[PDB]
Amino acid sequence: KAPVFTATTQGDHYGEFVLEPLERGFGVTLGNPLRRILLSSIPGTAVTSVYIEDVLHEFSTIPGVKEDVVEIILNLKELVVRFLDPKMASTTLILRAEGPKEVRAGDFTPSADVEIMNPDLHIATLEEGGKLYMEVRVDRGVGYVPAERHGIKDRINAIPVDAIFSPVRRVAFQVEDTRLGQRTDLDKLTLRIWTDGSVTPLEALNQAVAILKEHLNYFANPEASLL
Amino acid sequence: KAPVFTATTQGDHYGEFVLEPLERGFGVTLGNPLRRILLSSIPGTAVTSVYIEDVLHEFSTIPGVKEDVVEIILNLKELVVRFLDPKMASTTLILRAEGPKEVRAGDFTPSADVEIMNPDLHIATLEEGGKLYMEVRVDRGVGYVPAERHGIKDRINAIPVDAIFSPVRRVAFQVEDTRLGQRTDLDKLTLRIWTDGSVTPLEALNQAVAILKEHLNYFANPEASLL
Amino acid sequence: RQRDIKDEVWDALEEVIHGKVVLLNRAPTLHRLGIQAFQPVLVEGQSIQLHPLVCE
Amino acid sequence: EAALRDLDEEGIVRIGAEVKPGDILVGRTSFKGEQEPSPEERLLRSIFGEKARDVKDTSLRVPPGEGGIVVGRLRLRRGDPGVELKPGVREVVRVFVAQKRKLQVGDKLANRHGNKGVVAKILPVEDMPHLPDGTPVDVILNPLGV
Amino acid sequence: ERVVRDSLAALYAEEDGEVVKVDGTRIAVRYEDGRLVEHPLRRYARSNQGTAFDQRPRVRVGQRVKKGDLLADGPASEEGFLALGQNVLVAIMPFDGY
Amino acid sequence: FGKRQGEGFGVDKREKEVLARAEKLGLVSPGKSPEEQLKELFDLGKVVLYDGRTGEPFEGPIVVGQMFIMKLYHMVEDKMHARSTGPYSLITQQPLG
Amino acid sequence: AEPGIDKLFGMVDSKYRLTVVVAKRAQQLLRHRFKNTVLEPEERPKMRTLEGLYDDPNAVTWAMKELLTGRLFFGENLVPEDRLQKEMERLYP
Amino acid sequence: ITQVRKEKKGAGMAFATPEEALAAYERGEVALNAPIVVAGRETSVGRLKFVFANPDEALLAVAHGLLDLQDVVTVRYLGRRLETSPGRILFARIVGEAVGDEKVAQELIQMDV
């Protein structure tokens, strides 16, 4: 019969999708491929290119800043930025900080179309007279591309940083025994999806199944030979 | 981008299919499910029961015939028929032979909508004065159902036979790293398919991916209960 | 000058490469089998890939 | 022009400049041993009409397989305080170059228990032997070494 | 611990005092003895083999340190402990002959 | 496992499979529920692992955990070199080392 | 690899004879730009390239398949060397 | 794969008809690959259980989770009725398909151990 598909979510971070009943072994047949395409091909965010006023290179020491630029950048990779516009392929977030405060991701200068999903994310500790001008260039794409690949040049001191695009942090799935069959040995598939919040687990599941389908009708009319 | 799909087949039995070039990780993503489907899914042929004369037991020898009951059962498991109508979910084939004869699957008495695609096969060897009458029960099913699962007596001493349902013999795919220009990492997906000939591997494949996208379309309507 | 390397020169490299073999050497060389012929296969990364059977 | 970019004033590379193998860290010019251009050579010299000039290029260019960013800058010139340079030598110029090295295929890894190893191909997070909670493993070592 | 201590690759507190500043250059401490002593931090110094020698401060501004207490780590130090490699999740098993 | 059931999950079927074949070879005491067998397997260091390529579980249980692992001095970056035609020694024409 | 290598081993007594043969034949082929070949358009060893499937530039392989055919004759003191190379150039420009 | 399992749970238990051994397996009194005596013949539970007409069927049953490659069963292979394991037939077919001739392959391989 027709399987009953239920979606139980939590926030923008977590989601759980239950499908049951299903054929014997099919819970894996479905669950695993979606997990793969999830963890890999889901289109992401997470910046590109960072600049600081006095910084000529990634290892420079910024006065008034306890963290070196490499640890700050290390924390800039952990920054989850969401676009509200599907039309925007790029943007630039500006951040300015002064005095004995602690600079975090929620202290960025706000702009249209962009939002920080983790305002409590620690960027740098600023001491007395510490003044940090910073601008991060956030592009968006799919997968994991190191800084050593993409070129920028956007300004003389601009620094390339590693980019983790895929909004999906981790995906698990559990195949169990469903009470919802005519017979025994039927699978209940449970898809557990953990994302950063740039994209809800439900959306991720949607475009994952979509990509899988697109790759599925790649089987059409081939060219034939008979040895 | 757009992958090339090619198919090199042989007869109605064997086939080979190559999808290439393909993005990394997708070769297995496509490879495993279709493999699991082809063996566990595709609808079919495959006799369930066999009744024979003057033998009330599955191990007991048959006078007049060289092979014992078991060998005959095996040869009957090898037999592949085809229904000419979707309406018929089951039928019964009959056979009667006497005297010195080499008894094939072609000597099986015909039926209305039942066509034997295995005319040349060895069923039994009948000696001088050998008497053989048998009625085999061929049903329609999927995957593999052992004689242990469903035992069947519609006849007094009917011997339940392992029914090998799926028209697909064995799948056994492969993925390998192929190159286009720059990148040497791409998924060349070579999927081999063995079938009995009731359906050509191409049909089995397309039908399989149809089943797959049918299962993928099962994610449509969410019902949200928030924990 | 200028490591301009482009798919043209790589495919050309695989044009001169094809069918030709190179000798692989492992020190200390004891057997003659300490040196064996194999093929160029252009692969990303700076490490040479060797067959598991000839290791012994 | 384009190869002289980061060389700003005295012919030394600036701070924070990426240097490719073949790129010039510092420029230097040493007068060539005076000799004739060969007949074909001077035919070329005449064709392009480019003046064959005096000094020749001795500049230090970063060795192949090596490259990175410029952090430190040091110039010791003679006739200046705090430094005594050996006879015949005018000035020494030294450049610090730092490199960022991620784990690569072929790099070495080992534990405290004496298990050696080379990195053999890295694997994408997609396909990994993982836990039921979806947590992937970070290595996959071989038991046969044990 | 003692390895990172006796290696002198880390900066400690010579006496009792308070951290009056951090940043990645100078960690200044006002000691109980009344003297204000700043500790210059070596950042990214080339070694013999080329391995970078770096010191990352862990102290908040304004908390009172004990004597011998840690101020900044070394290249191979984590909160006063020797950090050589990293802790990873290992699975012991054959994988595709790799 | 307490957190596993706290999130509303029982024991996975694939885990039952691995536990079964581990029971046949006798890695776990027969008659005990899958929880107690997964428990007996866990303290052995071995847990159930799913292949990310397939999604099917590995036949046997596999020890996993945290190991302290070290990147060392030798790298391909430094140690990979090839040469066609370079400088040669003055005395004898052999290439330099 | 080099298919037919077993039969190639079978063609001669000592292997080094075979190696010499393949070497000299590949030499001739490189000399005349594959126009002295005894092969036929279907038998020609084609290298696969996206630009098109071309003649395999490797002369060794060509010589291998060539000797595999058997249309080639080899031996000691078979023909005078001088006249050999002479008319060898005479045939193919 | 080529290694075969043996369990001691059955412990050479004797049965008159294969049905008793069958039910005894259902109940869990006698193990799968445990050597037993059915009628006067010596056999195993799995050997009566799984009887295949061809390698493909065997591998289908195994890959579907009904059987493991290390279990001793009965199978019809190359015109012969053998009591062996699915993984072993797998091995033979690997060698045969590698060489291209399964006949001479089977001729030179030891299927006993």
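Just so you know, all these numbers are worked out from the coordinates, no wet-lab data involved. Positions of Cβ are generated from backbone atoms using ideal geometry, with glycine treated the same way; all protein chains shown enter the neighbour counts.
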In percent, how large is the relative contact order of chain G, given Cα pairs closer than 8 Å and 6 or more residues apart?
29 percent
Under the Karplus curve 6.51 cos²θ - 1.76 cosθ + 1.60, θ = phi - 60°, whole-Hz ³J(HN,Hα) for the stretch H:5-12, x wherever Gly or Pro sits
7, 9, 9, 9, 5, x, 6, x
Please give me, ordered by residue number, the trypsin sites (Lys or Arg not before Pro) of the stretch A:64-105 that lie in loop per DSSP and have at most 11 other Cβ atoms within 10 Å.
A:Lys87
Averaged over its residues, how many other protein chain Cβ atoms are within 10 Å of peptide F:58-67's Cβ atoms?
6
Mind ranking H:29-42, D:74-87, D:113-126 by how tightly packed they are, going by the mean number of other C-beta atoms within 10 angstrom, highest first?
H:29-42, D:113-126, D:74-87
Quick one: with label points 7 Å out along Cα→Cβ, list the inter-copy distances for B:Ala89 in nm, shortest first?
5.5
Residues of D:95-104, mean number of Cβ from any other protein chain within 10 Å of their own Cβ, rounded to a whole number?
4
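I'd like the trypsin sites (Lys or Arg not before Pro) in the stretch D:35-65 restricted to DSSP loop residues with at most 15 other Cβ atoms within 10 Å, sorted by number.
D:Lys51, D:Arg53
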The stretch E:8-83 to the stretch B:97-133: how many Å between their Cα centroids?
94 Å
Inter-copy distances for A:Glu214, label 7 Å out on the Cα-Cβ vector, sorted ascending, nm, one decimal, are 2.6
Over all residues in G:26-39, what is the mean tally of Cβ atoms on other chains that come within 10 Å of each residue's Cβ?
0
How many nm is it between the label spots at A:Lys87 and B:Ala210, if each spot is 7 Å from the Cα in line with the beta carbon?
4.3 nm
Ordered by number, the trypsin sites (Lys or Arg not before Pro) in the stretch G:49-93 that occupy a DSSP loop and have at most 12 other Cβ atoms within 10 Å are G:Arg71
Rounded if a/c is under 1.5, else prolate if a/b is larger than b/c, else oblate: which is the protein assembly as shown, with a ≥ b ≥ c the root eigenvalues of its Cα gyration tensor?
oblate
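On full extension of the chain, what length is gained from D:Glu18 through D:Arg61, given 0.36 nm per residue of separation minus the C-alpha to C-alpha distance?
Separation in residues times 0.36 nm, less the Cα-Cα distance, equals 14.2 nm.
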Net charge near G:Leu91, counting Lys/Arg +1 and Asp/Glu -1 over other residues with Cβ under 14 Å of its Cβ?
+4
Listed with the fewest Cβ neighbours within 10 Å leading, F:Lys39, A:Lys1, D:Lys102, E:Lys21 appear as A:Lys1, D:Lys102, F:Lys39, E:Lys21
Computed FRET value (nearest 0.05) for H:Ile94 with D:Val105, which takes r as the C-beta separation and R₀ as 30 Å:
0.50
Output, in nm with one decimal and in ascending order, the distances from the B:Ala172 label point to the matching label points of the other copies (7 Å from Cα along Cα-to-Cβ).
3.7
Counting alpha carbon pairs within less than 8 Å and at least 6 residues apart, what relative contact order, in whole percent, applies to chain D?
18 percent
Could you list which residues have their amide H under 5 Å from that of A:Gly143, counting only those 5 or more apart in sequence or on another chain, with H placed in the peptide plane?
A:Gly44, A:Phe165, A:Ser166
For H:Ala31, list long-range residues whose amide hydrogen, built 1.01 Å from N in the peptide plane, is under 5 Å from its own amide hydrogen.
H:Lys9, H:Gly10, H:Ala11
Any chance you could count the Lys pairs in chain B whose alpha carbons are under 18 Å apart, treating pairs 8 or more apart or on different chains as valid?
5
Need the C-alpha centroid separation for the stretch G:26-76 versus the stretch A:152-178, integer Å.
51 Å
Residue by residue, what Karplus-based ³J(HN,Hα) values in Hz, rounded to whole numbers, does the stretch B:133-150 have, using 6.51, -1.76 and 1.60 with θ = phi - 60° and x for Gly and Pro?
10, 8, 10, 9, 9, 9, 9, 10, x, 10, x, 9, 10, x, 5, 5, 4, 10
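With only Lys, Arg, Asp and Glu charged, each at its Cβ (+1 for the first two, -1 for the last two), find how big the charge dipole of chain G is about the Cα centre; round to the nearest 20 debye. Intermediate results must be reported in sequence, preceding the final value.
Values: 16 positive and 15 negative charges, 27 e Å.
Magnitude of the dipole: close to 120 debye.
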Put +1 on the Cβ of each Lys and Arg and -1 on the Cβ of each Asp and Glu in chain H; which of H:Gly79, H:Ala39, H:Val99 then has its Cα farthest toward the positive end of the dipole?
H:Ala39
Integer Hz, Karplus 6.51/-1.76/1.60 couplings in order for the stretch D:41-55, x for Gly and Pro
4, 5, 4, 4, 4, 6, 4, 7, x, 6, 4, 6, 10, 5, 5
Going highest first, how would you order C:39-51, H:66-78, B:35-47 by mean Cβ packing within 10 Å?
B:35-47, H:66-78, C:39-51
Considering amide H positions built from the backbone, and no H for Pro or chain starts, which residues 5 or more places from F:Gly52, or on another chain, come under 5 Å of its amide H?
D:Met128, D:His130
